[PDB]
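In the block that follows, a single chain appears as structure tokens, in the form deposited in one PDB entry.
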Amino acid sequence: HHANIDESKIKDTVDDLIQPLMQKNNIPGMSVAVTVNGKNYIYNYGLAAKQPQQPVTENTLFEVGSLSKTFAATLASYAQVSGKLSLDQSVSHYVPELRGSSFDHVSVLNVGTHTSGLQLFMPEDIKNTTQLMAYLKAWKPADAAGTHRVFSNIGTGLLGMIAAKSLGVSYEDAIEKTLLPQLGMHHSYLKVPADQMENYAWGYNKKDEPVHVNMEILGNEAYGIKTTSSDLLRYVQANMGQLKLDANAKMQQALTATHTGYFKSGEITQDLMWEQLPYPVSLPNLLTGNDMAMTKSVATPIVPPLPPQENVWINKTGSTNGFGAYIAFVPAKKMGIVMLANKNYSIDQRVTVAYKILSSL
């Protein structure tokens, strides 16, 4: 510890919130990454696994659940800026087996903004593409697509599937061979390789049992990423235009364009998977804006779309049965936070701690 040194000042703030958070929620391990003024700070806490004990280190991989959806959006945006995908086209334009179904009237933008009306969870009995297509061909929403926001793993699945196909590849190839490499995220995976399994934290469920997420159909798009806080902090910096990014100009454009605001719903603006609130934001409104995961709300189009903004709080939560993650960043302040935990603890706490940390900077 050193008085007047960046990493010690930030560490005091972070420790003072994260240690009680982990204690009260029985969280075995966390990593918290913060960026401010172009400098990066990584704080590791506790255990990646209990027995045999393994500490959280700079290499620890956590499941991040719905943070995975922002990668599906970044891929769709990359396909769009590359001229391969139009977001306003129908889903059945790109998925011809769905022509003549409800997907004639659902746009790619709808599935990228949770406004198709598809439900949250993939039906558990859908095991293969044939069954998935039969389901989708027979599906109808209660309200017309574009009228309501319903956060959806299925819709995110379609977004990523369509984006990858428009690029000529499977979603897994698109993510692990194109997107994550171009972002410099070398410790981020949809399938953790053998040399990294020692670094893959165990998640701890509500009954404190060690678990890892079970990957099912279109799961890569919706919840498949395992990653480090450092890689996600790089992703936050790239989302703020801070990195050279290997001169990948289309990729920077793709990242930035995911922040385009397409629908208003409640306190939030729904971007392409990212969600944002006006900055400065009150904590009550940020809490409300992060309590939209499982209920339908009215959605209102923003047309022409709101361009990517600086003066906003951009965020996404993600969870699996054993993990709880959160990212927030404020481009106008070039500041951001990644909080990764191997227990799924309540979103109100994630958001409140992040709000307090970023407010301190």
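One-based numbering along the sequence shown.
The next section is about a form of this same protein that is not shown, the form deposited with a small molecule bound.
- The candidate site formed by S66, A222 and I347 is fully in contact with the small molecule in the deposited bound form, as each residue has a non-hydrogen atom within 4.5 angstroms of it.
- Only one of 297-305, 46-54, 313-321, 33-41 places residue heavy atoms within 4.5 angstroms of the small molecule in the deposited bound form, namely 313-321.
- Checking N290, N239, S77, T227 against the small molecule in the deposited bound form, a heavy atom within 4.5 Å turns up for just one residue: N290.
- Think of it this way: in the deposited bound form, the small molecule has a heavy atom of just one of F151, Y200, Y94, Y189 within 4.5 Å, and the residue is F151.
- The small molecule is not drawn, but in the deposited bound form it has a heavy atom within 4.5 Å of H114.
- Although the partner is absent here, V169 is not a contact residue: none of its heavy atoms lies within 4.5 angstroms of the small molecule in the deposited bound form.
- For the chain shown alone, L120 is a contact residue for the small molecule in the deposited bound form, at least one non-hydrogen atom being within 4.5 angstroms.
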